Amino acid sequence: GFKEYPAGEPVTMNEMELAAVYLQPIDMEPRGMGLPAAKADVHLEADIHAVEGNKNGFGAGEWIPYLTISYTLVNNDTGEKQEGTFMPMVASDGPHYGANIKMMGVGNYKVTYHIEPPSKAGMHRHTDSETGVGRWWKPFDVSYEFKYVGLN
């Protein structure tokens, strides 16, 4: 513990369930072009797993690897917005996507994740009839509404 904070409601899309969480800023290796733990306010995460009936070769509950994800963070109260990128991470609870980020004060935030399929990071689909899977979904957006008062 390792206390983590819900960012809004999980959404089911493209036979995946996609959630947002945040927690204390984390130290990572290799490091790194973002912000060090110190400079950051939180570590923002995307939790993305296949559900039942996944067309792309993933079983129910399995982590979806090789995604390319960027974020748009909006403080709805002040209208201040920030952009950036996540990386693939592994922690004591498993794989996720994320970034140490600077927040923009107390507020009612909207976070949009811009998601591209595993093809854009070099994971290759079998396509033959015998061993192949469904075509990749198009790049898409998912959003989350949450309140932030900082940690503790």
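All residue numbers refer to positions in the sequence shown, first residue = 1.
J.: Mean CA B-factor: is it higher for 5-13 or for 130-138?
T.: Taking the mean C-alpha B-factor of 5-13 and of 130-138, the larger value falls to 5-13.
J.: Mean CA temperature factor from the deposited coordinates, higher in 42-50 or in 27-35?
T.: Of 42-50 and 27-35, the stretch with the higher C-alpha B-factor average is 27-35.
J.: Between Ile64, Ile101, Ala60, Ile115, which carries the biggest CA temperature factor in the record?
T.: Highest C-alpha B-factor among the listed residues goes to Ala60.
J.: Just say lowest, middle or highest third for the CA B-factor of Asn75 relative to the other modelled residues in its chain.
T.: CA B-factor rank for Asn75: middle third.
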